[PDB]
Protein chains: 2
Amino acid sequence: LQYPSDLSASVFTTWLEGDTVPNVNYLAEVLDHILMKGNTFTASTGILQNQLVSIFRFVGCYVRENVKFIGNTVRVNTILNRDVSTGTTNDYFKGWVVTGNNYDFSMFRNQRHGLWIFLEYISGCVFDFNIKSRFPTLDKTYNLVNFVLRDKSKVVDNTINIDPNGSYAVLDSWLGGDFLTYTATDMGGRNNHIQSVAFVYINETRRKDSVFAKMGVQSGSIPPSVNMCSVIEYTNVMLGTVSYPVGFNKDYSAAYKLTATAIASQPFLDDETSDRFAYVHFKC
Amino acid sequence: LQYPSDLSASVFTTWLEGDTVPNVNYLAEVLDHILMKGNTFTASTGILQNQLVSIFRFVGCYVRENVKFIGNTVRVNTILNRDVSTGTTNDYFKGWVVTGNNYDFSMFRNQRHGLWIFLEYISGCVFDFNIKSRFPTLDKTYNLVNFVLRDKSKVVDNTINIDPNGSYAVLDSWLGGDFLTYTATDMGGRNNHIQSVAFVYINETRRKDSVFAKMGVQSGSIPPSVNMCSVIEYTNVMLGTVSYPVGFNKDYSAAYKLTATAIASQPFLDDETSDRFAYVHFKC
């Protein structure tokens with residue numbers, strides 16, 4: 001035995017028996033489920049420091065269908081470790097379920113996406129991450145989940161739901177990748193639904209002699225398909241005399257993604273703009 | 001053995017040993033629970049196509065008390081299959097708990113209510129359906145849950161919570177039946193609480209020279225006891241210059257169930273009405 005060049009650990013791993021078949025990157029079809037439920041997965045302090053410790057690892061192959069990770073207690077430092085090509089029109093996820101897990105991400109790897117994969121599509125998937133964890137000080141530019149999906153016409157029936165609870169500020173955009181570009185045709189038109197959290201610019205404009213402050217959310221992190229957002233935290237002290245909205249609706253003008261109107265106690269003395277920054281929970 | 005006339009399948013079934021007793025439709029009392037927890041219930045494709053596959057089936061009898069269905073993974077095509085009379089003042093559910101289940105309703109029966117029963121009342125029940133599933137193309141006029149309850153004075157201490165997540169549009173009214181008629185006296189007055197989803201008409205009225213668009217929810221699917229609703233989806237493109245509410249409060253005038261006010265950037269040029277349609281999440 002060679003001393004292992006890769007001492008990565010994972011809850012779940014795919015490995016290939018015998019010869020590679022060119023362009024056939026996936027393993028034997030799962031017809032109902034690989035159902036991982038109710039387990040306790042605890043990584044040692046020392047392995048969390050020294051290795052990648054994933055939920056899913058793909059070693060020269062992966063499984064397309066029906067992986068179900070439900071109701072587990074998990075201490076790990078990343079979600080997906082992949083060493084596989086998934087470059088073909090036959091590479092997809094179908095029917096994955098991730099939900100109801102309890103995460104300790106207190107030693108989450110810095111400068112690493114949780115789950116970042118390039119597929120043809122994902123279909124009939126549920127990726128529900130409800131996190132109540134400490135985190136280390138991460139670079140805030142990486143994503144928990146990032147799907148690059150080459151054929152949006154085949155991206156159907158998916159739910160992505162990321163709820164970082166009190167950890168909302170750890171990453172600027174919990175969700176990265178192609179879902180961020182989906183229009184109504186691509187998102188609800190194909191039964192795709194997203195709930196996620198992002199740090200956003202809000203334009204606040206006030207007119208002389210008005211009591212209204214028009215508030216406009218602008219962010220490449222919110223898909224143009226967004227229906228609404230709820231405010232988690234306005235990061236700035238704002239006007240004392242103003243009742244600020246806590247929900248935003250879709251901006252039908254498309255000037256912004258989302259728009260609401262705050263109301264003043266007394267009219268504004270002059271025309272002014274404010275640059276605001278908020279953490280929002282959005283739904284498409 | 002006769003070839004079975006009814007090849008219905010169910011997770012849970014009630015059957016009667018020996019003679020019927022007239023007007024005694026229920027089986028022996030459950031004092032704490034029949035607790036079904038943590039199971040995996042997978043129906044074959046072929047049985048889902050060819051039979052009713054229920055969670056609960058009542059064959060010439062039923063159980064009134066303390067059925068607990070918690071934390072199961074379930075593939076079925078209906079919730080309740082009943083072949084029982086429950087016509088007496090002694091027919092009720094008491095202390096049922098349905099919550100935390102993971103549903104595959106991708107072969108849900110068309111033109112069939114999930115759970116439709118006529119009882120004297122239900123008491124101290126929790127019916128919490130959090131669904132993340134594909135569905136087939138259903139007739140949108142049927143209900144997931146429909147309780148007909150003959151004595152509202154005995155309907156106490158109940159919670160019904162239906163969260164269809166991204167599937168909100170599959171049925172016009174997730175909840176049907178007598179709870180839709182409950183006033184404040186019948187609902188919070190007896191410690192009944194409802195959270196459900198429905199497709200609703202919203203009246204939008206705008207006055208010449210006003211910046212306000214009065215929005216009024218009208219629907220036989222919302223009980224008059226409604227406290228509030230959150231908007232899941234406005235189905236229409238609406239005014240570009242308007243900040244539309246995402247929450248509605250109870251309309252104290254009772255002109256509508258629920259009312260909110262949208263705010264324009266510029267006043268309206270004339271008096272106009274718009275017929276709007278939205279999916280709402282409501283709470284009583």
# chains A, B, ... in the order shown; residues from 1 in each chain; ligands from 1
>>> select_by_dssp(residues="stretch 19-98 of chain B", states="helix (DSSP H, G or I)", output="JSON, numbers by chain")
{"B": [45, 46, 47, 48, 49, 50]}
>>> select_by_dssp(residues="stretch 61-273 of chain A", states="strand (DSSP E)", output="VMD selection string")
chain A and resid 67 to 70 73 to 75 80 to 83 92 to 94 97 to 99 102 to 104 115 to 119 121 to 123 126 to 130 145 to 149 159 to 163 175 to 177 193 to 206 212 to 218 228 to 234 242 to 243 247 to 250 258 to 264 272 to 273
>>> interface_residues(of="chain B", to="chain A", cutoff="8 Å", atoms="only C-alpha atoms", output="number ranges by chain")
B: 132, 134, 166-167, 232-234, 237-247, 263, 265
>>> residues_around(residues="residue A:108", least_positions_apart="5", cutoff="12 Å", atoms="only C-alpha atoms", output="number ranges by chain")
A: 43, 45, 48-54, 74-79, 103, 113-114, 133-139, 142-144, 170-171
>>> write_last_selection(atoms="N, CA, C and O atoms", output="short mmCIF file (atom, residue, chain, number, x, y, z; two decimals), in the first residue's frame")
data_model
loop_
_atom_site.label_atom_id
_atom_site.label_comp_id
_atom_site.auth_asym_id
_atom_site.auth_seq_id
_atom_site.Cartn_x
_atom_site.Cartn_y
_atom_site.Cartn_z
N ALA A 43 -16.69 14.64 13.37
CA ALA A 43 -15.26 14.65 13.03
C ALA A 43 -14.44 15.17 14.22
O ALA A 43 -14.78 16.17 14.89
N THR A 45 -11.53 17.18 16.06
CA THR A 45 -10.80 18.46 15.89
C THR A 45 -9.60 18.33 14.93
O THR A 45 -9.44 19.13 14.02
N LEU A 48 -10.63 17.73 11.23
CA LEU A 48 -11.27 18.97 10.69
C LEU A 48 -10.22 20.00 10.34
O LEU A 48 -10.39 20.66 9.30
N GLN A 49 -9.13 20.10 11.11
CA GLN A 49 -8.05 21.07 10.87
C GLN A 49 -7.27 20.61 9.62
O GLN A 49 -7.07 21.42 8.76
N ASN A 50 -6.94 19.31 9.49
CA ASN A 50 -5.85 18.82 8.61
C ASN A 50 -6.42 18.31 7.29
O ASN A 50 -5.63 18.15 6.36
N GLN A 51 -7.74 18.00 7.19
CA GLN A 51 -8.27 17.39 5.95
C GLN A 51 -9.55 18.11 5.52
O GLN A 51 -10.14 18.71 6.36
N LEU A 52 -9.99 17.90 4.29
CA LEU A 52 -11.41 18.07 3.88
C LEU A 52 -12.27 16.95 4.46
O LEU A 52 -11.87 15.73 4.34
N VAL A 53 -13.36 17.32 5.16
CA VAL A 53 -14.36 16.41 5.79
C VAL A 53 -15.73 16.80 5.26
O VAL A 53 -16.18 17.91 5.55
N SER A 54 -16.16 16.05 4.25
CA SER A 54 -17.39 16.35 3.45
C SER A 54 -18.57 15.45 3.83
O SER A 54 -18.41 14.40 4.53
N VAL A 74 -24.36 16.45 12.17
CA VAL A 74 -23.16 16.44 11.27
C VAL A 74 -22.10 17.46 11.70
O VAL A 74 -22.38 18.66 11.64
N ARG A 75 -20.91 17.04 12.06
CA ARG A 75 -19.77 17.99 12.16
C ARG A 75 -18.80 17.75 11.01
O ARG A 75 -18.12 16.69 10.98
N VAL A 76 -18.68 18.67 10.09
CA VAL A 76 -17.87 18.59 8.82
C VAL A 76 -17.35 19.99 8.47
O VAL A 76 -17.83 20.96 9.08
N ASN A 77 -16.45 20.12 7.51
CA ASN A 77 -15.89 21.42 7.08
C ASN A 77 -16.19 21.77 5.61
O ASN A 77 -15.82 22.91 5.16
N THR A 78 -17.02 20.97 4.93
CA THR A 78 -17.45 21.29 3.57
C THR A 78 -18.63 20.34 3.30
O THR A 78 -18.87 19.45 4.16
N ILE A 79 -19.36 20.58 2.24
CA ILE A 79 -20.56 19.75 1.87
C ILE A 79 -20.12 18.75 0.79
O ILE A 79 -20.28 17.55 1.02
N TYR A 103 -26.30 20.90 11.75
CA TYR A 103 -24.93 21.19 11.25
C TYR A 103 -24.08 21.85 12.34
O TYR A 103 -24.46 22.84 12.90
N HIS A 113 -16.24 26.99 -1.37
CA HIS A 113 -17.71 26.83 -1.54
C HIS A 113 -18.16 25.57 -0.80
O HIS A 113 -17.36 24.58 -0.84
N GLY A 114 -19.36 25.54 -0.20
CA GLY A 114 -19.80 24.27 0.43
C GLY A 114 -20.00 23.20 -0.62
O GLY A 114 -19.57 22.02 -0.44
N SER A 133 -25.39 27.22 13.67
CA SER A 133 -23.97 26.89 13.94
C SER A 133 -23.15 28.13 14.17
O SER A 133 -23.39 29.19 13.53
N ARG A 134 -22.11 27.97 14.98
CA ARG A 134 -20.99 28.92 14.89
C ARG A 134 -20.31 28.68 13.55
O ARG A 134 -20.36 27.53 13.04
N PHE A 135 -19.58 29.69 13.08
CA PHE A 135 -18.68 29.60 11.91
C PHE A 135 -17.36 30.23 12.28
O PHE A 135 -17.35 31.15 13.08
N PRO A 136 -16.29 29.88 11.56
CA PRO A 136 -15.05 30.64 11.66
C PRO A 136 -15.24 31.94 10.84
O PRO A 136 -16.38 32.14 10.32
N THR A 137 -14.18 32.77 10.77
CA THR A 137 -14.16 34.03 10.00
C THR A 137 -13.82 33.58 8.59
O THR A 137 -12.72 33.02 8.38
N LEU A 138 -14.83 33.58 7.74
CA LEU A 138 -14.65 33.16 6.36
C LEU A 138 -14.45 34.39 5.50
O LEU A 138 -14.96 35.49 5.86
N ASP A 139 -13.84 34.17 4.33
CA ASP A 139 -13.90 35.09 3.21
C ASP A 139 -15.38 35.15 2.85
O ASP A 139 -15.92 34.06 2.56
N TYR A 142 -17.40 33.62 -0.92
CA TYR A 142 -17.77 32.23 -1.32
C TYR A 142 -19.24 31.92 -0.93
O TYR A 142 -19.86 32.60 -0.13
N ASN A 143 -19.76 30.81 -1.45
CA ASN A 143 -21.16 30.39 -1.37
C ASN A 143 -21.25 29.11 -0.57
O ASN A 143 -20.34 28.32 -0.62
N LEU A 144 -22.35 28.90 0.15
CA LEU A 144 -22.68 27.56 0.67
C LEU A 144 -22.94 26.64 -0.54
O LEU A 144 -22.51 25.48 -0.49
N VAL A 170 -22.29 35.80 7.70
CA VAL A 170 -21.01 35.10 7.50
C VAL A 170 -20.60 35.12 6.02
O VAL A 170 -19.41 35.19 5.78
N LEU A 171 -21.57 34.96 5.11
CA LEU A 171 -21.34 34.99 3.64
C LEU A 171 -22.23 36.07 3.03
O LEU A 171 -23.36 36.28 3.53
#
>>> closest_residue(among="A:86, A:221, A:101, A:10", to="residue A:72", atoms="only C-alpha atoms")
A:101
>>> residues_around(residues="residue A:176", least_positions_apart="5", cutoff="7 Å", atoms="only C-alpha atoms", output="list in words")
residues 143, 145, 146 and 147 of chain A
>>> write_last_selection(atoms="N, CA, C and O atoms", output="compact mmCIF listing (two decimals), in the first residue's frame")
# COMPACT_ATOMS: atom_id res chain seq x y z
N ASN A 143 -19.76 30.81 -1.45
CA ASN A 143 -21.16 30.39 -1.37
C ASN A 143 -21.25 29.11 -0.57
O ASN A 143 -20.34 28.32 -0.62
N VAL A 145 -23.82 27.03 -1.44
CA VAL A 145 -24.23 26.21 -2.62
C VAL A 145 -23.96 27.00 -3.87
O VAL A 145 -24.39 28.17 -3.91
N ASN A 146 -23.36 26.39 -4.88
CA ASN A 146 -23.15 27.04 -6.18
C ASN A 146 -23.31 25.98 -7.27
O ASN A 146 -22.43 25.11 -7.46
N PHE A 147 -24.42 26.02 -7.98
CA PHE A 147 -24.73 25.17 -9.13
C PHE A 147 -24.46 25.93 -10.41
O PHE A 147 -25.02 27.04 -10.59
>>> atom_distance(atom1="atom CA of residue B:11", atom2="atom CA of residue B:90")
25.3 Å
>>> closest_residue(among="B:25, B:2, B:203, B:106", to="residue B:218", atoms="only C-alpha atoms")
B:203
